[PDB]
Structures are given as C-alpha cells and as structure tokens.
Amino acid sequence: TXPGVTXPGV
Amino acid sequence: XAXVXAXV
DNA sequence: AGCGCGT
DNA sequence: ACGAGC
Ligand SMILES: *C(=O)c1cnc2ccccc2n1
Ligand SMILES: *C(=O)c1cnc2ccccc2n1
Ligand SMILES: [Cl-]
Ligand SMILES: [Mg+2]
C-alpha cells in the first residue's frame with residue numbers, strides 16, 4: 001500500500 | 001514499515 | 001509488481 | 001533501535 005503502509009497497487 | 005521513530 | 005522515515 | 005502492506 002501507499003508507499004506507504006505502492007498504491008494498492010502499483 | 002516498522003514503528004520503532006517514524007511508523008511508516 | 002510496486003517503496004516510504006523519524007523520535 | 002527498524003521493517004508492512006492488496
Ligand atoms: C517499512 O518496512 C520501511 C522499510 N524501509 C523504509 C526505508 C525508508 C523509509 C521508510 C521505510 N519503511
Ligand atoms: C525513529 O525516529 C527512528 C530513527 N532511526 C532509527 C534507526 C534504527 C532503528 C530505529 C530508528 N527509529
Ligand atoms: Cl511510487
Ligand atoms: Mg515510483
């Protein structure tokens with residue numbers, strides 16, 4: 001997640 | 001990700 | 001496949 | 001002294 005707790009996703 | 005001081 | 005930090 | 005999260 002996040003990148004950040006990427007995205008979800010990417 | 002660990003939060004030992006930032007917890008990010 | 002895809003990445004961030006401060007007490 | 002530290003790795004979490006669809
Ligand atoms: C969480 O596992 C984690 C790992 N490495 C990092 C590097 C830089 C900033 C934040 C980070 N968070
Ligand atoms: C929190 O601000 C912080 C800063 N530096 C660290 C280095 C190593 C482990 C934990 C840390 N936490
Ligand atoms: Cl990114
Ligand atoms: Mg990027």
Side-chain angles (χ1 to χ4, degrees):
Chain A
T1 66
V5 306
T6 77
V10 193
Chain B
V4 288
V8 245

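When reading the values below, keep in mind they use all heavy atoms of this one structure, side chains included, and skip hydrogens, waters and symmetry mates. Lettering follows sequence order; numbering is per chain, from 1.
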Using the [atom1] atom in both, what is the distance from [N] to [M], to the nearest Å?
{"N": "C:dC3", "M": "D:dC2", "atom1": "P", "answer": "26 Å"}
{"N": "D:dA1", "M": "C:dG4", "atom1": "P", "answer": "25 Å"}
{"N": "C:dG2", "M": "D:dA4", "atom1": "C1'", "answer": "13 Å"}

Toss me the dot-bracket line for DNA chain D: Watson-Crick and G-U wobble, both under 3.5 Å, 5' to 3', using | for pairs to another strand and [ ] for crossers.
|||.||
Select one nucleotide: of [options], the one nearest the side-chain heavy atoms of [X].
{"X": "A:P8", "options": "C:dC3, D:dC6, C:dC5", "result": "D:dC6"}
{"X": "A:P3", "options": "C:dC3, C:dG6, D:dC2", "result": "C:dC3"}
{"X": "B:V4", "options": "D:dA1, D:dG3, C:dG6", "result": "D:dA1"}

Please indicate the pucker of D:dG5, north or south, going by the torsion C1'-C2'-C3'-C4'.
south
